[PDB]
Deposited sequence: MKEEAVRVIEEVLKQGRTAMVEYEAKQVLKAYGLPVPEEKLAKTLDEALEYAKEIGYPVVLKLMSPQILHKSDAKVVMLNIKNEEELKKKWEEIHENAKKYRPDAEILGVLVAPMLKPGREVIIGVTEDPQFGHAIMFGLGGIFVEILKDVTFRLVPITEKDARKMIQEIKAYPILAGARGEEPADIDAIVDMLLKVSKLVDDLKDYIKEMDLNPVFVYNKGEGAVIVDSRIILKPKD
């Protein structure tokens, strides 16, 4: 069990919380070498302005709050912020939106991240079954994920064989192979194995989680995790 992960996890539980906010989840992910790009947690608008200049515009602002896990629903995530004036106004907006959504929300800060180059959207999920333990799922992302109902699964821990196999079993597999340039399958295989390892190590800690969205680029150029959620088990 990578100590850094257990540390961030314990810290959250110590606060009597089960749901981890995006930046906390990603700390767990990074501790296992998963592809999470550099992002900074601003506690003030001045801090955000600094970090923005640091990572370079355009940037994304995402309000962090244990009470506001579904950021898009609350509208506390603002994209493609091109400059300092716009960042100052979007900073005000997300706080207002969070106030209308959950006025009693604890605001942990605002995540300042980069505008990642889009790629093939995929989703990696993890749930725990009462009888079989943790399972890892894979399928394409997009806004029609619930309509297409195309996900494959395997029990954790999985082998590389399981990983390559579950990737090929989805109906949308031909799309990844390029129906066109094929996506970076090996990169996906690596993510599945790392999540499998992370979950196996922390099986007594994590109830469920997912990496959504994840962008997968063409062959040989890896992938990147855009958002993630981790739900911890109590006591």
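Sequence ranges 180-181, 238 have no coordinates in this entry (deposited sequence, numbered from 1, C-alpha basis).
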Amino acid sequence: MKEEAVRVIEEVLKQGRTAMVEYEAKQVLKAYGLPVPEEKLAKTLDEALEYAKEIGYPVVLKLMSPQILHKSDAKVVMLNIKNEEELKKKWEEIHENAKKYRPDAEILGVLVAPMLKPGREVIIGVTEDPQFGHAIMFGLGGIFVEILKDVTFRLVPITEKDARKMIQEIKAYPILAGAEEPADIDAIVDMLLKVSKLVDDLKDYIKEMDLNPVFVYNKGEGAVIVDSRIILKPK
From here on, numbers count along this sequence of modelled residues.
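The question of which stretch, 1-9 or 224-232, has the higher mean Cα B factor is settled in favour of 1-9. Stretches 140-148 and 104-112 differ in mean CA B factor, with 140-148 having the higher one. Reading the B-factor column for the CA atoms of 163, 126, 122, 74 in the entry, the top value corresponds to 74. Residue set 64, 59, 179, 199: peak C-alpha B-factor at 179 (per PDB entry).
When the CA B factors of the chain's modelled residues are split into thirds, the value for residue 82 lands in the highest one.
Among all modelled residues in its chain, residue 117 ranks in the middle third by Cα B-factor. Per the deposited record, the Cα B-factor of residue 52 falls in the highest third when ranked against the other modelled residues of its chain. Sort the modelled residues of the chain by CA B factor and residue 210 lands in the lowest third.
In the PDB entry, residue 43 places in the lowest third of its chain by CA B-factor.
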